[PDB]
C-alpha cells in the first residue's frame, strides 16, 4: 500500500522507483470514459514524459503533478503517434517550454490528424532504432519504430534499467476482443510490426499500453494473433 494516486482528473500508478503511468479520460458516446495511458520517467535530475493526455488541460495537470510529486524540470517529451490521446496536449507542453519529440512521420501527419506537431522530428535507422543524433538527452528512453500497425507513424519506447516496454496503441492486452480503432491502420503490416516490437525489447516483462493496465508479454503475442486475421 497505498493505491493509485488521484490528481485532478487523472490517475498516476507507480510502475517502478523512477517510472509512473499517467492516465487521462475522455468521454466517448456509448463507450463510457475511455482511459489513455502514458509514462513519466525520472532520470537523475530531470523528468521525461511519454505521450500527452487527451487534452491540453489534462496535460497541464500532468505537469502540475510532476512539480508537486517529483519537483524536477521536464527535460523533454516524446509522443508516440499523431492521434488525440497521444498528442492532444501538445500546446500545454509547448506553453511550459518543454522540448517535444515525435516521429518525423507523426509531425508530417499532425495537420491532417488535427494535431499540433512536435517541435523536433525523430528519424529512425533501417533497423527501426532511432538515430541518436535526432534524440538528444533521451537517457534511458530507447525509441523504436516497429513499422506500420495501429498507424503508419506509431513508435514504441523501452525504459533502460527496467523491465518495462511501452507499446502505445500498437499493443492491446492479452484478452482484447479487437484491435480497436483501425481508421488509420496498416492491416497488411500490423502483425509483423507487433512482433518486431516484441523482438526489439526481448527482455521486457511489463508491457505498457494506451488503453489497458500493464500486461505481460502475452499482450504482444495476442495482439499479433489478432493482427494476423487482417491480412
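Numbering follows the first chain given and starts at 1.
*Asks:* As stated in the PDB record, which stretch has the larger average Cα B-factor, 157-165 or 79-87?
*Replies:* On average, C-alpha B-factors are higher across 157-165.
*Asks:* So, looking at the entry's B-factor column for Cα atoms, which has the higher mean, 208-216 or 21-29?
*Replies:* Comparing averages over the C-alpha atoms only gives 21-29.
*Asks:* Quick one: which of 170, 66, 39, 53 shows the highest Cα temperature factor in the PDB entry?
*Replies:* The C-alpha B-factor peaks, among 170, 66, 39, 53, at 66.
*Asks:* In terms of the CA temperature factor given in the entry, to which third of its chain does residue 114 belong: lowest, middle or highest?
*Replies:* As the PDB entry reports it, the C-alpha B-factor of residue 114 lands in the middle third of its chain.
*Asks:* Determine, from the deposited record, the chain-internal third of the Cα B-factor for residue 59: lowest, middle or highest.
*Replies:* Bottom third by C-alpha B-factor.
*Asks:* Which third, lowest, middle or highest, does the CA B-factor of residue 72 fall in along this chain?
*Replies:* According to the entry, residue 72 has a C-alpha B-factor in the chain's highest third.
*Asks:* Can you tell me which third, lowest, middle or highest, the CA B-factor of residue 191 falls into for its chain?
*Replies:* Its C-alpha B-factor belongs to the middle third of this chain's values.
*Asks:* Of the three thirds of its chain by CA temperature factor, lowest, middle or highest, which one includes residue 49?
*Replies:* Lowest third, going by the recorded CA B-factors of the chain.
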